[PDB]
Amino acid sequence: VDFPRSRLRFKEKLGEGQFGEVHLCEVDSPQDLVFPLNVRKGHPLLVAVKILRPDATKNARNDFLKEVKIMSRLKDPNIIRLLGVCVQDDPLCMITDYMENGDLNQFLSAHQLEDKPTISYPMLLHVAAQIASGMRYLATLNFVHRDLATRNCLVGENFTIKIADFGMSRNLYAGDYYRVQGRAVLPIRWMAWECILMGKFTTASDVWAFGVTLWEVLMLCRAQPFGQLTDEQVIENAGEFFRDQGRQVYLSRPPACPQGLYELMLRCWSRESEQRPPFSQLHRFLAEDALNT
């Protein structure tokens, strides 16, 4: 059953969509609803609401209803949660937790690595481990994300990370997608070679993108993957992975990244998809290192 729309109180616009908007809202008298809201009595309960325009087209309403159906399955501490929906009248609504530190690319971009806002090496590992645990969960569901990157991760309180999917809706990240007329829009610099050559997207290609997302984290989001290469060179490099003549190239080791952790990234970029580590091993490695450094 629907969330009570009358309890949602507009505060400000968080984002623009092609077909609607994302609003920051307060929930009036939320203890009543407790709908798995995270309620500290007498403290504002803030949620993000994705909202479809009242004049929304049939195509847009269909896509929203499918996004409700997909997101309704996802129940893990490191994945965006649907707290509720309002789908029986317009505008159609989907409600999620407000992640007050924004997307992870913006968050890390505002920090530098601590020198013996700053962030420590073990906390960077903890952020990456949370991402690997959320991806571990999605792999158990045979859910392929297809667009894992730090711009699609959200940051809450106490460095909590949740994986989400903004759906290529943002000017800020337009140069992270390769656009050709009549083709799917493609985040080529995070795509495994078989995705670029074949459209083959699998949990093994989500591991390759996790390798690139881990690179971004250890770069503190200071640089686009392959940022000195054109898009055409990035595509040509996918070709060199297939050709396997030893001319393919890889992201370089970030300044913050020890060689051991770099070798973990390199395994995620194995030419053979079956040589790439599973997310359960990636999580273990990063959490152990998070716990012990």
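Definition used throughout: the rigid core is the maximal C-alpha set that superposes within 1.5 Å between two forms. Residue numbers here begin at 1 and follow the sequence given.
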Is the larger C-alpha RMS shift in 9 other deposited structures of this protein, relative to this form with the rigid core superposed, found in 264 to 272 or in 51 to 59? 51 to 59
If you line up the core and then measure how far each C-alpha sits from this form in 9 other deposited structures of this protein, which stretch comes out higher, 238 to 246 or 60 to 68? 60 to 68
Would you mind checking whether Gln233 is unresolved in the model of at least a third of the other PDB entries compared? no
Any chance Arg253 is unbuilt in a third or more of the other entries we compared? no
What size is the break between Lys116 and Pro117 in terms of deposited sequence residues left without coordinates: none, 1 to 3, 4 to 9, or 10 or more? 4 to 9
Please count the deposited residues lying between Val34 and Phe35 that the model leaves without coordinates, and give the class: none, 1 to 3, 4 to 9, or 10 or more. 1 to 3
Going by the average Cα B-factor in the PDB entry, point out whether 99 to 107 or 203 to 211 comes out higher. 99 to 107
Which of 21 to 29 and 278 to 286 has higher mean CA B factor, as the PDB entry lists it: 21 to 29
In this PDB entry, which of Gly239, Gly227, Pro255, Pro44 has the top CA B-factor? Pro44
The third of the chain into which the C-alpha temperature factor of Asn158 falls is the highest
Mind checking which third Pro77 falls in for C-alpha B-factor across the chain? middle
How does the C-alpha B factor of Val144 compare with the rest of the chain: lowest, middle or highest third? lowest
Among the modelled residues of this chain, does the Cα B factor of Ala48 put it in the lowest, middle or highest third? middle
Ranked by Cα temperature factor within the chain, is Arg61 in the lowest third, the middle third or the highest third? middle
